[PDB]
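For this one, two forms of the same chain are given in structure tokens, first as structure 1 and then as structure 2.
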Structure 1
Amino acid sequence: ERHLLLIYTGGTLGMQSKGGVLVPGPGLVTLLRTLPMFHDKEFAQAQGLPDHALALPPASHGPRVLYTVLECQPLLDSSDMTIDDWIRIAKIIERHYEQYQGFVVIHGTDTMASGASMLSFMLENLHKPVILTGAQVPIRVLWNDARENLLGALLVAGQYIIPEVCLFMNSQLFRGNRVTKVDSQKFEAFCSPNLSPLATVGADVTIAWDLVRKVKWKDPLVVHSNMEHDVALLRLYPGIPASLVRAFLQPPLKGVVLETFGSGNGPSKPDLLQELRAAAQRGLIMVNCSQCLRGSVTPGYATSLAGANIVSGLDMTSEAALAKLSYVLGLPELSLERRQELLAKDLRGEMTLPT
């Protein structure tokens, strides 16, 4: 028997349709109890389970999966979520860590990749699956992707010891800090462009155990509430003026992810480079990520002006890069040099180092 906590933060999955427009949809648990795929009534009465606890029907193999639904209030559109909301989620997981074997987090798709990346860093030494999921269509609308996404997340978290923050959608389990949202309409909404899925679901369940990170049983969970808030993302576009870059990098900003062209090239006009130099002199740390969905940043852009304050993001998604930068800048009592060293390491499986 394995018990999960299902944390419902918001998003389309739980909403209601009302005159062709989506509104909030509380009482997820009341709906799930009425669905045989989500709740086995017969086993519940036959075990006299409390009625806050749902029980999945028996699967092919594995142990029986039970879960409790924790509904956050207020429920959020994911576009409104911030570092503080993700910290709250991490603190919920922390508080209930010993009582459950895994966690599923229902989350809006819009910023799910950012949430998964943040939680990935916040939950240091994670020993248990934390699976984010969501849907393009609410579970209360008849024709939807939510039923199978939610069930799959529960089954994965319930049956496998994958000690990572993941995203489950459309029969695929991705490493959370490797995903990005690529399609605003299709059920295949997400992509892990520089890493295989951790798992695939079909007639069989296939898991890339070669990739899945190792449980460090000896070390306790450490939850980082200390995440630097003053980090930003800046997309360089052709002809972007130095004065706009200057304004964007003004105090109190501590870190920025620069999204550059192709293999990591920004404009080389002297007034723009000077603004990057000046920000590095103020102590600002810059991480260079590619605007391209796939591939990697080759080192070199602006290094002759910003020195070691500009760090290559290699093949990281911008979501991962922003999370890592927030994490590293939030660590207490480190030199600048130590921060730069940490940014250049693969801390959670988010970055592939050249071989």
Structure 2
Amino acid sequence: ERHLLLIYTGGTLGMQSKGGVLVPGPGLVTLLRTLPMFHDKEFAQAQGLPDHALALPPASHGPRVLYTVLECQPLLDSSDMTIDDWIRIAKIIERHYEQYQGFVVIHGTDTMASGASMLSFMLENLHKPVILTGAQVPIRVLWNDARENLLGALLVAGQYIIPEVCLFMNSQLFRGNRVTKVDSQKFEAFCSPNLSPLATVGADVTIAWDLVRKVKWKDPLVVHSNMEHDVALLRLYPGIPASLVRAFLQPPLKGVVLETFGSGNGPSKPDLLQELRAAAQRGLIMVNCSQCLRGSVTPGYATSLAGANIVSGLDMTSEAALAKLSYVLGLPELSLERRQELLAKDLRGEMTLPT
């Protein structure tokens, strides 16, 4: 038997209509108990099993999977989530870490990439699966993606030792700090543009063990709740004025992700470049990411943004760059130079270095 904790934080998967719009919906365990694919009553009764704990039917091979449902209060639309909410989730996993073999987190899709990236950094030396999932349609609506998404998450966390924060949707498992939301309506809502999926589900389960990170049983779980809140993301657009960038980078901002064009380029008008220098001199750290979905920041043009306090983000997603920026800036007693060196290193599989 393997025991999982299922953390319900909110999002479309549980949602209910109310006033003609979707809002977060309570009473998940009550529903799941009535669904044979989520709960084997026969096995639970013949094991006089705790009434708070559910049991999946047997799968083909492997151990049996049991799980407990922790429903947070209040439940949130993921659009309203912030760094504090993701810290609370990390703390729930810390508190219950020893009692369970894996974790599944039900989450809204709107900011799921940000949440997976954050938790990836907060949960240092993680040894157990933390699988995020969600749905474009609520589980109470008849025709939905939620049933198969939730079941798959539980089976993956239940049956495999993948020690990463991942995202499971639409029969695929992605590295959490590598995903981005690409479609607002289709069930194939997420994409891992610069890395293969960690796993694919069909008849067979195919896992890329060559990519999955190795369990460091030696080192204990450290949960970083000291994340810098004053970080931002700024998308460059053609002709963005120096005066607007000056205003955006004012104190108390400590770090910013600049989303630049193509292979990492921006306008070279000197007054704009001057505001970036000025901000560097005040101590701001800047990471350069590409607005493009696929590919890497690379020098090579007269317009490439490099220099004073500007670290290349290589092929990182913006969601990951931002979370990493928050992590590194929150570490205590480091120099500006040391902080940039950490930003330029692959800390959780979020970044591919060249040769």
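Residue indices: 1-based, along structure 1. If you superpose the two forms and keep the largest set of C-alpha atoms that fall within 1.5 Å, you have the rigid core. Residues that one form lacks are left out of the comparison.
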Displaced position between structure 1 and structure 2, chosen from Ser60, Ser304, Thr30, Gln45 (C-alpha, 2 Å or more, rigid core): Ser304
Comparing between structure 1 and structure 2 on the rigid core, is the C-alpha shift at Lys18 2 Å or larger? yes
When only the core is superposed, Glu337 shows a C-alpha shift between structure 1 and structure 2 in angstrom of 1.2
Moved residue ranges in sequence order between structure 1 and structure 2, Cα 2 Å or more, at least 3 long, core fit: 17 to 21, 299 to 308
